[PDB]
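Colleague: Input: one structure, supplied below.
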Amino acid sequence: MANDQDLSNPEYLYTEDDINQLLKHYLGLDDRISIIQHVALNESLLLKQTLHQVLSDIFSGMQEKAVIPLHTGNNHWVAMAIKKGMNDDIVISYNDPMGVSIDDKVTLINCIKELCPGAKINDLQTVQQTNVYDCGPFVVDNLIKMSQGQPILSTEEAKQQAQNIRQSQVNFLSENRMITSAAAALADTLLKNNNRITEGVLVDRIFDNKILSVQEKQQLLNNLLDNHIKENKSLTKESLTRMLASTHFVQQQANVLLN
Amino acid sequence: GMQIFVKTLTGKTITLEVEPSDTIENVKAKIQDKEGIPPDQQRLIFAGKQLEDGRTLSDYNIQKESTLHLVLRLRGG
Amino acid sequence: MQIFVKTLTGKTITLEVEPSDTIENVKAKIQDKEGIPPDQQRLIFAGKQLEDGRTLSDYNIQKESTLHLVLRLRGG
Amino acid sequence: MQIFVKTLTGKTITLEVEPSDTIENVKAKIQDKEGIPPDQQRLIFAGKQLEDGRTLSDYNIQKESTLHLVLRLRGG
């Protein structure tokens with residue numbers, strides 16, 4: 001029972017969160033790359049919205065490129081990436097790791113033609129996955145390569161590298177999940193029953209905390225002063241979790257859980 | 001004064017009164033106010049991105065009569 | 001002087017303007033010639049969003065410059 | 001006027017200061033009384049990190065305000 005749900009299992013099906021943590025890890029430091037998280041061809045307004053934002057940003061040079069994990073509405077991921085080609089041409093690169101061509105996707109094509117009739121679409125139509133689980137790993141790999149202007153893995157390369165790219169990507173995911181759950185639990189001890197605190201109440205809650213040693217506090221506060229506590233900003237469970245997941249202090253707590 | 005729309009998990013579209021300078025956490029609190037959905041259960045999407053607490057609507061170029069989506073997490077093989 | 005405004009549909013429109021023309025004025029000329037209301041119009045020059053109360057010369061926009069027009073979705 | 005500085009060791013230190021005192025001056029007073037060098041000191045008031053060339057009154061720090069002192073690591 002529930003292989004599809006266990007990260008370690010070879011049958012683990014990637015979620016939008018898995019793909020997003022992986023793309024932000026390999027790409028997120030370059031601001032000129034738009035990373036899409038959630039868009040499915042069964043959401044007609046959201047798909048049109050998404051393509052309009054990205055095509056507008058790329059044609060105007062507000063972004064250089066975009067990577068789009070596109071859900072088929074059918075328990076399946078494909079890779080779409082968009083950049084300027086030669087001569088202010090827009091080039092939409094596509095691969096379904098099943099090797100199924102884009103042509104089926106009349107909704108998708110027509111929505112592109114409506115927004116940008118001059119857009120090129122390069123359907124690589126290359127089979128990659130050798131089972132019904134591995135679309136997530138190949139879509140992550142494909143988008144990274146497409147963003148770098150590198151060719152995607154061939155059928156042969158993909159047959160050979162499938163296990164290694166999942167294993168590599170699942171190593172990063174295991175570590176990332178532990179950093180996030182340690183940061184979340186720390187964020188909870190400091191929010192107590194506030195769903196808002198300022199950076200100023202944070203500083204004071206760390207000082208009064210009854211659990212952390214004086215050295216644990218000194219490390220956490222040094223870690224956060226480096227990039228935060230400048231303008232006394234309002235934090236929530238989510239923004240405080242992300243700020244704490246930034247911390248060497250939290251990354252160390254996670255490091256001991258995993259070894 | 002600006003209106004935006006939110007499509008909810010039940011398929012209902014609601015209208016929100018907002019400012020461009022409203023924080024995402026403020027928008028999620030307005031959704032909780034009107035529909036009773038807690039912020040931490042909200043997967044709030046504009047044009048394919050999950051909106052992050054500590055950003056504003058204008059950070060995401062969300063303007064008058066924009067539609068946000070409350071979403072279920074996608075997966076596949 | 002003349003400037004060009006490119007849309008995502010691939011239409012290029014050519015405008016008669018002065019260096020001292022405001023961004024608002026340029027949007028009003030686009031409404032005049034294309035019928036697109038200013039509040040649907042986002043103007044970009046070389047990757048910067050043009051702000052309504054500034055002039056073409058504030059952005060060093062000269063004869064035969066190309067702007068990019070980003071239109072609001074779905075109608076309007 | 002008097003201000004207070006809380007340390008992670010649980011010491012509150014009380015300082016004699018003027019509104020016109022620079023942050024650098026406050027760190028020098030902390031070195032004077034506690035022996036901690038200025039370049040190891042990060043001061044916080046109400047969630048804002050105090051910058052060396054500014055004054056207490058720049059940060060609206062008044063009589064009986066509490067600051068937070070954090071010391072740099074032997075590494076980082």
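By order of appearance in the structure tokens: chains A, B, ..., then residues from 1 within every chain, and ligands from 1 in the order shown.
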Please identify the alpha helix (DSSP H) residues within region 10-222 of chain A (assignment by DSSP from backbone atoms) and present them as a PyMOL selection string.

Modeller: chain A and resi 16-27+44-60+106-115+135-147+155-191+199-208+214-222

Colleague: Let me see the file: selected residues, C-alpha atoms, as a compact mmCIF listing (two decimals), in the first residue's frame.

Modeller:
# COMPACT_ATOMS: atom_id res chain seq x y z
CA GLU A 16 4.25 20.08 -8.38
CA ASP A 17 6.13 20.75 -5.06
CA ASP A 18 8.85 18.17 -5.90
CA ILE A 19 9.37 19.67 -9.39
CA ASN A 20 9.31 23.28 -8.06
CA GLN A 21 11.94 22.58 -5.28
CA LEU A 22 14.18 20.88 -7.93
CA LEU A 23 13.88 23.68 -10.55
CA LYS A 24 14.40 26.46 -7.88
CA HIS A 25 17.47 24.52 -6.62
CA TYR A 26 19.03 24.25 -10.13
CA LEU A 27 17.71 27.59 -11.59
CA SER A 44 -8.48 26.61 -19.65
CA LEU A 45 -8.39 30.10 -17.99
CA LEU A 46 -5.27 29.27 -15.90
CA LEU A 47 -3.42 27.89 -18.98
CA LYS A 48 -4.34 31.02 -21.02
CA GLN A 49 -3.34 33.26 -18.03
CA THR A 50 0.01 31.41 -17.65
CA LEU A 51 0.91 31.53 -21.38
CA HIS A 52 -0.12 35.21 -21.60
CA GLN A 53 2.15 36.24 -18.65
CA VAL A 54 5.16 34.24 -19.93
CA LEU A 55 4.82 35.11 -23.66
CA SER A 56 4.28 38.82 -22.70
CA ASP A 57 7.39 38.77 -20.41
CA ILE A 58 9.61 37.03 -23.01
CA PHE A 59 8.49 39.09 -26.05
CA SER A 60 9.05 42.37 -24.04
CA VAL A 106 -5.36 21.30 -29.81
CA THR A 107 -6.36 23.43 -26.72
CA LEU A 108 -2.66 24.19 -26.06
CA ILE A 109 -1.71 24.93 -29.71
CA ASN A 110 -4.77 27.17 -30.38
CA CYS A 111 -4.19 29.14 -27.14
CA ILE A 112 -0.53 29.74 -28.26
CA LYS A 113 -1.62 30.76 -31.83
CA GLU A 114 -4.29 33.14 -30.40
CA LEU A 115 -1.77 34.92 -28.08
CA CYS A 135 7.87 11.55 -16.23
CA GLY A 136 8.73 13.75 -13.21
CA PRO A 137 12.50 13.06 -13.28
CA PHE A 138 12.73 13.54 -17.11
CA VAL A 139 10.63 16.74 -17.08
CA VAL A 140 12.94 18.24 -14.39
CA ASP A 141 16.02 17.15 -16.40
CA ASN A 142 14.51 18.35 -19.73
CA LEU A 143 13.61 21.85 -18.40
CA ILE A 144 17.12 22.36 -16.86
CA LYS A 145 18.77 21.35 -20.21
CA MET A 146 16.28 23.39 -22.33
CA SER A 147 16.91 26.44 -20.05
CA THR A 155 15.96 7.63 -25.89
CA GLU A 156 19.26 5.72 -25.37
CA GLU A 157 20.80 8.22 -22.89
CA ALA A 158 17.46 8.22 -21.02
CA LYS A 159 17.13 4.45 -20.90
CA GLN A 160 20.70 4.43 -19.42
CA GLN A 161 20.41 7.38 -16.96
CA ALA A 162 16.77 7.00 -15.64
CA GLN A 163 17.63 5.47 -12.22
CA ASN A 164 20.62 7.84 -11.72
CA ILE A 165 18.62 11.05 -12.41
CA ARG A 166 15.75 9.93 -10.09
CA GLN A 167 18.30 8.90 -7.41
CA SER A 168 20.16 12.24 -7.72
CA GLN A 169 16.91 14.25 -7.67
CA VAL A 170 15.44 12.22 -4.75
CA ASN A 171 18.70 12.80 -2.74
CA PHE A 172 18.12 16.59 -3.03
CA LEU A 173 14.37 16.17 -2.26
CA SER A 174 15.01 14.10 0.96
CA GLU A 175 17.48 16.70 2.28
CA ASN A 176 15.22 19.67 1.26
CA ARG A 177 12.14 18.11 2.98
CA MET A 178 14.11 17.72 6.26
CA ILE A 179 15.33 21.39 6.16
CA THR A 180 11.70 22.53 5.58
CA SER A 181 10.18 20.32 8.39
CA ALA A 182 12.92 21.43 10.90
CA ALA A 183 12.32 25.09 9.89
CA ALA A 184 8.51 24.66 10.18
CA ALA A 185 8.72 23.14 13.70
CA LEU A 186 11.13 25.92 14.78
CA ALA A 187 8.78 28.58 13.28
CA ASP A 188 5.92 27.03 15.37
CA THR A 189 7.91 27.22 18.70
CA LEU A 190 8.49 30.97 17.98
CA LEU A 191 4.96 31.91 16.64
CA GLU A 199 11.08 40.56 12.88
CA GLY A 200 11.29 42.52 16.21
CA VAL A 201 9.04 40.03 18.10
CA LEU A 202 11.04 37.20 16.39
CA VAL A 203 14.34 38.57 17.78
CA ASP A 204 12.73 38.82 21.24
CA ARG A 205 11.12 35.31 21.12
CA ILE A 206 14.52 33.77 20.21
CA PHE A 207 16.09 35.63 23.22
CA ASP A 208 13.32 34.33 25.60
CA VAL A 214 22.85 30.33 24.13
CA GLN A 215 25.17 29.11 21.30
CA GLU A 216 22.24 27.73 19.20
CA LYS A 217 20.60 31.20 19.57
CA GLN A 218 23.89 33.01 18.71
CA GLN A 219 24.19 30.92 15.48
CA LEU A 220 20.49 31.33 14.44
CA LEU A 221 20.58 35.12 15.08
CA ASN A 222 23.95 35.58 13.22

Colleague: Quick one: superpose chain D on chain C on all Cα atoms, same order, and give the RMSD.

Modeller: 1.8 Å

Colleague: So that I can see what lies close to region 71-73 of chain B, please list as an NGL selection string the residues with an atom at most 9 Å from it, counting only C-alpha atoms and leaving out residues fewer than 5 positions away in the same chain.

Modeller: (:A and (15-17 or 38)) or (:B and (7-9 or 42-45))

Colleague: Give me the residues near residue 104 (chain A) as a PyMOL selection string, where near means some atom within 12 Å (using only C-alpha atoms) and where sequence neighbours in that chain fewer than 6 positions away do not count.

Modeller: chain A and resi 41+72+96+110+123

Colleague: Which polymer residues have any atom within 7 Å of an atom of residue 64 (chain D), counting only C-alpha atoms, with same-chain residues fewer than 5 positions away left out, as a PDB file with C-alpha atoms, in the first residue's frame?

Modeller:
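So around11.pdb came out as:
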ATOM      1  CA  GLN D   2      19.473  55.757  29.802  1.00  0.00           C
ATOM      2  CA  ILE D   3      18.988  52.829  27.347  1.00  0.00           C
ATOM      3  CA  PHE D   4      19.219  49.028  27.948  1.00  0.00           C
TER       4      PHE D   4
END

Colleague: Please identify all residues of chain D having at least one atom at most 10 Å from any atom of chain A, considering only C-alpha atoms, and return them as a ChimeraX atom specification.

Modeller: /D:6-10,42-51,68,70-73,76

Colleague: Within 10 Å of chain C, which residues of chain B come that close, and what is the closest atom pair and distance in Å for each? Count only C-alpha atoms and give it as CSV.

Modeller:
residue,atom,partner,partner_atom,distance
B:63,CA,C:72,CA,9.2
B:64,CA,C:39,CA,9.6
B:66,CA,C:73,CA,9.3

Colleague: For the residues in that selection, give me C-alpha atoms as a CSV table (one decimal), in the first residue's frame.

Modeller:
chain,number,residue,atom,x,y,z
B,63,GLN,CA,-4.3,44.2,-11.6
B,64,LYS,CA,-8.1,45.0,-11.6
B,66,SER,CA,-7.4,39.4,-12.4

Colleague: Between CA of residue 55 (chain C) and CA of residue 27 (chain C), what distance in Å does the model show, to one decimal?

Modeller: 11.8 Å
